[PDB]
Amino acid sequence: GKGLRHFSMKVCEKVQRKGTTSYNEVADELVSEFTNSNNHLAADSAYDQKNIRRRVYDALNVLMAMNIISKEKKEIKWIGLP
Amino acid sequence: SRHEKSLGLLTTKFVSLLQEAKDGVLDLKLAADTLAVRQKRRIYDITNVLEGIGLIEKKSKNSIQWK
DNA sequence: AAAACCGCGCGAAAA
DNA sequence: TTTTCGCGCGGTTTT
């Protein structure tokens, strides 16, 4: 639904599927998907967008430290799970 | 200095702490101290993303299993 | 009820 | 100025 745990999975899928990408491409697409959820209310998009945005930094950063992805001066690249 | 206090660094430590403690079991209480004791909250930052990926799992309160 | 968890988002440090 | 993102106050979930 939400929470770091649910967004880290979104993040990790996105990056592998794109091979190479950026913070903004990742975040904008997660925001857009959450926002087009059938059970979502328009009044709540600005919050949410902000919140998903802060969440993505936390995910990228541990994922980074696990050597699962790249992130080198705005360029984020996939690597692999273990 | 704001880099010394990065989730990412904490992460690296948590990992080493993790891979050292054999069995595959880690006590969230140990790491807490061992990890700068910067504040509990942060530990959950690490566990939530490792759980979302499926590299770990809650085994029992204050405790988690690798892979 | 107590102990564990962990949403959130402000505001200051790095680009 | 904008991009990152430390920090910790409460609210939720488990025990």
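Every chain is numbered from 1, with letters handed out A, B, ... down the list of sequences. All values below were derived from every heavy atom in this structure, side-chain atoms included, with hydrogens, water molecules and symmetry-related copies excluded.
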May I ask you to decide whether [X] forms a salt bridge with [Y], counting only side-chain N to carboxylate O separations under 4.0 Å?
X	Y	value
A/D28	A/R53	yes
A/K14	A/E33	yes
B/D33	B/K29	no
A/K18	A/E13	no

Quiz question: going by heavy-atom distance under 3.5 Å, is there a donor-acceptor pair between the base of [N] and the side chain of [X]?
X	N	result
A/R55	C/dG9	yes
A/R53	C/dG9	no
A/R54	D/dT4	no
B/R2	D/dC5	yes

Let me know the distance between [atom1] of [X] and [atom2] of [N], rounded to the nearest Å.
X	N	atom1	atom2	result
B/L7	D/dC7	CG	P	10 Å
A/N51	C/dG7	CG	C1'	8 Å
B/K29	D/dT15	NZ	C1'	13 Å
B/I43	C/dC6	CD1	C1'	13 Å
B/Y44	D/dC7	OH	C1'	16 Å
A/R5	C/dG7	CZ	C1'	12 Å
B/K5	C/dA12	NZ	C1'	10 Å
A/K2	C/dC5	NZ	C1'	17 Å

_Distance-minimising heavy-atom pair for A/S70 and A/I76_ = CB-C, 4.2 Å
_Nearest non-hydrogen partners of B/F14 and B/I46, listed with the distance_ = CB-CD1, 3.8 Å
*Is it true that the side chains of A/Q49 and A/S45 contain a donor and an acceptor less than 3.5 Å apart?*
no
*Taking atom types as modelled, find out whether A/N24 and A/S22 have a side-chain donor-acceptor pair closer than 3.5 angstrom.*
no
Give a yes/no answer on whether the side chain of [X] brings an N or O atom under 4.0 Å of OP1 or OP2 in [N].
X	N	value
B/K40	C/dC5	yes
A/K50	C/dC10	no
A/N61	D/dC5	yes
B/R42	D/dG6	no

*Given that A/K73 and A/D48 both sit by DNA chain C, which one's nearest nucleotide is further toward the 5' end?*
A/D48
_Residue whose nearest DNA chain C nucleotide is more 5′ - B/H3 or B/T47_ = B/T47
*asked:* Considering only residues two or more places apart or on different chains, which pairs with a residue in residues 61-82 of chain A satisfy ring pair (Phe, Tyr, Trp, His ring centres under 6.0 Å)?
replied: none
*Contacts to DNA chain C from residues 48-67 of chain B, heavy-atom cutoff under 4.0 Å, which residues?*
B/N48, B/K58, B/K61, B/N62
*Which is true for A/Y47 with a 4.0 Å heavy-atom rule: it touches a base, it touches only sugar-phosphate, or it touches nothing?*
nothing
*Listed nucleotide nearest any side-chain atom of A/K74, set C/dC8, C/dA4, C/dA15*: C/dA15
Pairs under 3.5 Å (N/O, protein and nucleotides 9-13 of chain D):
none

*Can you find a heavy atom in the side chain of A/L63 that is under 4.5 Å from one in the side chain of A/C12?*
yes
